[PDB]
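Following this message is one structure expressed as structure tokens.
Naming follows writing order (A, B and C), and every chain is counted from residue 1.
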Amino acid sequence: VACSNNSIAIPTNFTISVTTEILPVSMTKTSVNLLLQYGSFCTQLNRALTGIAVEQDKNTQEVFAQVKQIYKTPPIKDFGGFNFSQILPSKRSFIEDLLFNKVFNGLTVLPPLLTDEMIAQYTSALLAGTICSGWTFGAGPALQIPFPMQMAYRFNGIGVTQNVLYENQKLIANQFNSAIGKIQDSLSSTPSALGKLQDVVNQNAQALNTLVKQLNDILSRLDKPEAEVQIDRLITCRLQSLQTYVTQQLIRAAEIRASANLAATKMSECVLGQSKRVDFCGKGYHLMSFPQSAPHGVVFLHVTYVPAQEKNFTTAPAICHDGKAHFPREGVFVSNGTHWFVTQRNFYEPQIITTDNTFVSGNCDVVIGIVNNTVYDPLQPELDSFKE
Amino acid sequence: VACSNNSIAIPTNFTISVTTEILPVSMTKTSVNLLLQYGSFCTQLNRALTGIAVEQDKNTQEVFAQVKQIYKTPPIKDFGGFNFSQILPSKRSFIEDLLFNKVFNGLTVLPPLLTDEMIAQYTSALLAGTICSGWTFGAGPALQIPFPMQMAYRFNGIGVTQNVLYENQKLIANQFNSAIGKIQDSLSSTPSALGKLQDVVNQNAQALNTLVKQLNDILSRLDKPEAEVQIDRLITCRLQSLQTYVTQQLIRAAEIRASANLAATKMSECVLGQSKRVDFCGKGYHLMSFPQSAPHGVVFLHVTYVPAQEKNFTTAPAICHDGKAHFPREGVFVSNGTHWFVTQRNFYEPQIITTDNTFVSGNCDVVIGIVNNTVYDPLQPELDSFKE
Amino acid sequence: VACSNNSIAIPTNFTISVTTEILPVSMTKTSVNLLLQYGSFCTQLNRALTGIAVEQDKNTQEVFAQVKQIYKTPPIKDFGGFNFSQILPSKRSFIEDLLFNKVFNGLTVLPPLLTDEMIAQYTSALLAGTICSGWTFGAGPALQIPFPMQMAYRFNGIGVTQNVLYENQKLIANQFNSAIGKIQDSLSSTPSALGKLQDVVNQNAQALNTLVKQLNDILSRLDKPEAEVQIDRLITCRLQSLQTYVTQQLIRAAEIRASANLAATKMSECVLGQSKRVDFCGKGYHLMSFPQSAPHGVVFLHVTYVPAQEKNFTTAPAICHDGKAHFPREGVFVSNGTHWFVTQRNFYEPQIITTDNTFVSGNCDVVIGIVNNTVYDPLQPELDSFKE
């Protein structure tokens, strides 16, 4: 890395974009003398499937059910130039519907504890809360706020003064709305993001078809000396086929659990709050995350702040005025090549250096690398104008 | 949840109360050819009890012994209108005494590693530190401060300006003192909070009585062919009785351990510091927690801040003055129906909007939802008065 | 602890020092009918060594490889009065070299996955980043800054206003440079800090020598009835000798792993960031930590802030002026025995109390313990001078 004792790097521009990521949460859960002894083995095989089945409902609850009472929104689409009408809530959202549309003989299939209706309700409650009130740390929602005022605090949390959001509100809203529209067409048109979920579904569709492809009709036709041989052979190979099936479900379940753990982590860290980690809940600095319902999983839309062009500015520890040293009240002192300004750290904002944004401590002989500039008050000009 | 693009919810009042909760920390720990073979089984049973016994002293140390050197207070009862004389330190506190007053044949009972005197010393040291100095993050106490100045920082930590404590110091102190008095009478009069500890004590009193109710006098009277039969039967049923006893102690010990883990968590999180989680160390926002000694456990008195009546105020992103946009320096802009004020976020405090509590950035054409108001300086009035 | 309702303890001076600690990270990893049955046992013994060998490279990566792309510095020695020329980068640093200079028959020794060159590169990248740019939270470096401006933020993080660093920059730099020079001579002269690493090295040097000290020459000379006896006895005792060796390596490996876990924790907590825990990454308040390469381990140089002399000042909640109560804008009000000043909390800095560093709320009848003083504005003096 390049370095210099008077060089400071400050971003001068930024963009906001919406990153879409899809995390699988749950897998389809299924169930299924010497004969009795085989029955014992069957039970153990079923137990393994049962343990998985519990885990799968285990996963669903950990990811979605982080709110205790369900909430719903009023018919508001415009939250300050921001278009939420295609993520909000069949009464499902238009985007969720895209995800839904695009993604015997002893063998039975179980229902989920949380059905599509319950999941839609939990997702709606989480989303309704995030947008209008915001969630607190501990339990429940916080207090109602318009919406830009919520974003303003998320900007402050990444070191950006609460004036950037409002000055660039039109640009931010347009970039947000554009990204949502692009996600609209992208998810439908190209099988990109919709990869992980389809893969999981295809795999057990295959596992089930394999299990199936792999007693009374024998007993009624064959005598004991032969019937027992055919029966024992069929039972053994079928138990082996089930063992293979169970093993495949267990391994895949482990991958789903790992994904569910991540989804739950993000839900509690950046959906119900804000992530401090960069490049975690989306590339760049996290501001907000809005959950969406999906087949066998959850989809997150991450709104992130990404800095752009950076410039090399000349800096100084402090400014000398009348022999006294003036230190910056909040920001740092930088030179644009002809004039000195005071700016915040994470975004170039050339404020004029005045006595109202500085404090006085020490002197010009003590401070190292101090520069000679003019730091003026807003009072004398008024005195000169008022009666002179 | 109801929502509106210009509606902000702000609390206008609050109350402070003391929540009492009781957490069990430790359980009474006890100990107890073919004959030798039974002896092996007895040893294994004793091992299980030994493992528990270690855990029980394990628990006590984790919860109470979080301070290395013992401290004591001066004879101060009044810490700024706050009455601490009935929680401070037989040299035990009057409240602790209420808790104390209200709550062979191979079988022996063990002493604790930390006796009542040692526990009283640790509790006194933790409490002495909390009240006068406050604890730091890492090791030891911080620096001596009166007391209201400690509370002031705990208020700041929940988003309330350090003026609320002082303006309402009389009301806060009265509510605190009242709560302690109520706890005084409540704990003594009604067997409510004093439930969990009594339950634990009663259970092993029963377990021990059961074990007891459930050799030489046989050998000296019966011949071998009969004596061995009676002896083997008695040993077997006694080993079974002990197995049941050990199992009961193990299960209960697990519940005690879970409770001890929670008590230790709270001790390090909200007693030696401040909890950020709402509704954890008491309902509402945590400010302080004072530990108290108790039979077989620890009692915490949590001082929490609870907001009350909320009003729906009309808000605006910024205020227009001379065509330039004025943004709030710290708080938000709200309207009470006739006038605009600037307040903090978590408590309604209608400060007059002046140039000294705002900053100027951008203009009235760019900001969305900007309102027309007057933002004035404190200088012109002085100029007009001084020489005009 | 002593206590009083109007006494506040404030530090008036400080020192900065460099604490050196050495943590071992990795251990030398090694490898090694009835005969075949013994071979099975040998394989199990080798497996245990293999598991250790994996762990040892496991440790190295966890501690050092926390940066993905390698970086190098420009030839800068002076970073603002701070001498870094003896810690920066044979192309190894002079201090690292001191550490390096001071610290068959079936038996083989394995190489590390990360060789000395790779470790030097990772260490250089971590150090290059720490000094010039500083690391961010999530991934990669942050933004380029001189260096004093980085320290200034680390001071702010411990409650000290960003003016202390600059006013005392000469004293801080001299204390830092002095400490590094002392470490220079200390590490070379006295076998103090260089204890843990030498101990680990000596122990397996001994383990290997012991293993060695503890077939065809028998078969070609002895007949079956005797040859088998000698051979079986030698194999058994050699397998026992190896079992002892493996056990010793496993136990020591556990100690190394515990140390590696700590080193990795510090690397991610206080090297790539800042520790909030006091007396963790060095005595006192942590500011910075610079890694250094070492034989079989890592060396950390911790730069810590230590407060010194404290005084007992008289304090007051607020100051009365014209019947209105004035509260401190940032700090606290203290009396030095003759005059009232406003200072920050963690360092005595007697600023003059003026209307520009206070705010007005409430009145002199409500506030408890309010004192009568003069709080003046900087305006009237200008009005009196300008035209009177």
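The definition used in the following text is that contacts are C-beta pairs under 8 Å (C-beta built on N, C-alpha and C of every residue); 3 or more make two chains touch, one makes a residue touch a chain.
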{"item": "Chain-level touch network, classified as line, ring, star, complete or other", "value": "complete"}
{"item": "Angle of the C-alpha superposing rotation, chain A to chain C, to the nearest 5 degrees", "value": "120"}
{"item": "Interface residue identity across copies chain A, chain B - same or different by half", "value": "different"}
{"item": "Approximate Å spacing (C-alpha centroids) for the pair chain A, chain B", "value": "33"}
{"item": "For chain C, residues contacting two or more additional chains", "value": "379, 383, 387"}
{"item": "Residue numbers on chain A that touch chain B, as the complex places them", "value": "71-74, 76, 78-81, 128-129, 131-133, 136-141, 143-149, 162-163, 166-167, 169-170, 379, 382-383, 386-387"}
{"item": "For the chain C and chain B complex, residues of the former touching the latter", "value": "1-11, 276-280, 310, 315, 317-318, 325, 327, 332, 359, 361-362, 366-369, 379-380, 383, 387-388"}
